[PDB]
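Listed next as structure tokens is one chain, alone, in the form solved without its partner chain.
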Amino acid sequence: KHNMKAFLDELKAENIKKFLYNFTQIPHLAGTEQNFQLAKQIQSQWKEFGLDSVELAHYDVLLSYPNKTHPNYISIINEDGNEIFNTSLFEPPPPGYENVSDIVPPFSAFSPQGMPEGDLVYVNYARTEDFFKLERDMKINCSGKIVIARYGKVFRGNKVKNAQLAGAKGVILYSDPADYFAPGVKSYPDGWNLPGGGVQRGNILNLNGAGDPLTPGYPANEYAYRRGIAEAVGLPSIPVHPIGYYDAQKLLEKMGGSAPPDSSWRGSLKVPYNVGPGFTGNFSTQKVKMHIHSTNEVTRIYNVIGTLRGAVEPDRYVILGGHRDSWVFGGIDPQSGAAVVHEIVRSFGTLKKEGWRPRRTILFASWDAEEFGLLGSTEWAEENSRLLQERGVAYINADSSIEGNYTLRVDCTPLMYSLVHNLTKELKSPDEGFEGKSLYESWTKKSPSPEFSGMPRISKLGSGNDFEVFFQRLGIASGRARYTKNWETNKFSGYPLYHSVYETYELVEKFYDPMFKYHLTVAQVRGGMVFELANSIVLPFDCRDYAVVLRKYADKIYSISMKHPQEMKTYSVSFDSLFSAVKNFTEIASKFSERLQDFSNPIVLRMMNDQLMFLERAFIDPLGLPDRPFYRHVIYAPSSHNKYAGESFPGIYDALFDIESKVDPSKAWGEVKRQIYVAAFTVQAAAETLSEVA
């Protein structure tokens, strides 16, 4: 038989291990020769594995790199202009590498150049609420200051945007051991913690779903018209640089001005965490000086695109994609995911060589330049948007397969909740103590739904990975799954060695997954999802699950508004239309499900499969959200305060945010009412796509 069990049984932990080792021996930074060579290797291998076609799709996009002969660093400088302390020029390389070349030193990609010098202000995680605390409550003015902020809690580009709007002239980002050093485990190479010399790389775009900053809307092909840098999309306006906690200690230890407002502002270093501005009495005349000389440069990137043609519905596409570019060795991010994709392709190819084909076409993608802001996936989706929006069934992402070894983590559209529940009930748990139990059982026990007994948590999609263009711009049902830790307050901060030189094969093999059993479980979940999406006669989407969450999201946004009862009275702010639309969606979805259960007629089947496929698409507003033309989904968008998190009813949520501070309450509440009308209309219009067609 060629069924799902045959596909899953062909997946082997030992192959994933061999692939991970193969992918992590040298750096594969986007736009470098090494990354192009790996692209060519994967292309050759996917062909050998049995795919019908495997092509490279290249684009010329804005990337950012340090200047090799003019290194970035930060100084404490004295009254005379003597630099009395300098931050490190590189991370101490891990054992046995120390002679690898082309390790990019830590830098914040897309930082502009500059040498600002000023007094420090410490801003905690530099979240919206941290700046509210500083400016509104503590009356500390960040204008003309260099801010220092710890990594964690929110996407670093949000920190940078927040600091810019506060008037900062530069940002220093650092990893505090509170966030990146788990108590009782050793620093790399003797455990999985971050050492004091480790540094987290990463782009600091003000992400708006655009892709390449120079070509919003259109693929960065050979004849593309490019914006000038000043008009580029998403680029920060102040210099930024990341540092490790040994260096941060030296910058923070002299800080004066005000005490931290409370304990949530204190990390684990032996410093006061004073907010500043500037240093205590004796050192009041010293300043901090940044030296940033990175350059933005248009550079060629390469996606590998493999096709396994469908036997029955070749014009329906199920996509499994994940990126290949890494900051350095990519031991977890992304190669633990890419190794899983490679073994999935190998398994589907084995079935194909035996004469099987999936019902629908499967596309496999190895994306480039994800680390520089999702550039490869976004340019390819821009190029192929017409094909994808009329033919795209689903997108399953495959970045890092593991960020811990505790339990499963899943973010997906409500249309895939039932599929995920059903698939995990048929997979074996890899967890100690759950031998012979299902993955659904272990997952549900370890990560309970906050709403439902006996169900697991599944979160909302935002940005931060390559599914963004497919889901938030194009409205293709999307999902992601990986193995994760037990560390809730840290779910957006990254594992300790995230984007550091210490993310190696040895890190994974020694400390995360020596048997590759968690990798294998993740391959079964991602591959099983793709198998079911590509082979089920009726698409495995349950519209009733969307109706359940829409009511949840409507109750939640109403509750936010109801913090302002006098204004809702004054401006006649009613959510009645939105609750009506959700009620109608619930009723229509129930009737559609009955018909779906109740119909030999392939036209009715496909007509109903098209209704299922286009249901996610119906939540797209072609006008986009306010000032966010590429975030078009009306139910979900990346949070405006944290691009990693998804926000529900984002147009209403942003209209309501901090509304009590707006100077023209009439105008502000008018815009809330406008967003309620757009949301109610969109939910009703999506419901109507499930009605009888004529």
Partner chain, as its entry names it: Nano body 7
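Residue numbers count along the first chain shown, from 1.
Gap between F599 and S600: 1 to 3 deposited residues without coordinates.
Higher mean CA B-factor, judged across 371-379 and 583-591 from the recorded values: 583-591. Look at the mean CA B-factor for 416-424 and for 138-146 in the entry; the higher one is 138-146. Across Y151, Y122, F329, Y498, the entry's maximum B-factor at the CA atom is seen for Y122. Of all the options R201, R266, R480, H342, the entry's greatest CA B-factor is assigned to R266.
In this PDB entry, the Cα temperature factor of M4 sits in the top third of its chain's modelled residues, the highest group. The entry lists a Cα temperature factor for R617 that places it in the lowest third of the chain's modelled residues. In the deposited entry, the Cα temperature factor of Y174 sits in the middle third of values across the chain's modelled residues. When the CA B factors of the chain's modelled residues are split into thirds, the value for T504 lands in the middle one. Annotation for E48: CA B-factor lies in the highest third of the chain's modelled residues.
Keep in mind the form deposited with its partner chain bound is missing from the figure; the text below concerns it.
At the 4.5 Å threshold, heavy atoms of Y273 stay clear of its partner chain in the bound PDB entry, well away from it. At a distance threshold of 4.5 angstroms between non-hydrogen atoms, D627 is out of contact with its partner chain in the bound PDB entry. Mapping the unseen interface onto this chain, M115 falls outside it, with no heavy atom inside 4.5 Å of its partner chain in the bound PDB entry. Contact annotation for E660: at least one heavy atom lies within 4.5 Å of its partner chain in the bound PDB entry. Screening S264, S101, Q566, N486 for any heavy atom within 4.5 Å of its partner chain in the bound PDB entry leaves a single hit, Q566. Shown without its partner, this chain lists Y97, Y406, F579, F132 as candidates; in the bound PDB entry, only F579 has a non-hydrogen atom within 4.5 angstroms of its partner chain. From the list 121-129, 550-558, 420-428, 327-335, the contact stretch for its partner chain in the bound PDB entry under a 4.5 Å heavy atom rule is 550-558. If you take 435-457 and check each residue for a heavy atom within 4.5 Å of its partner chain in the bound PDB entry, you get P450, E451, in sequence order.
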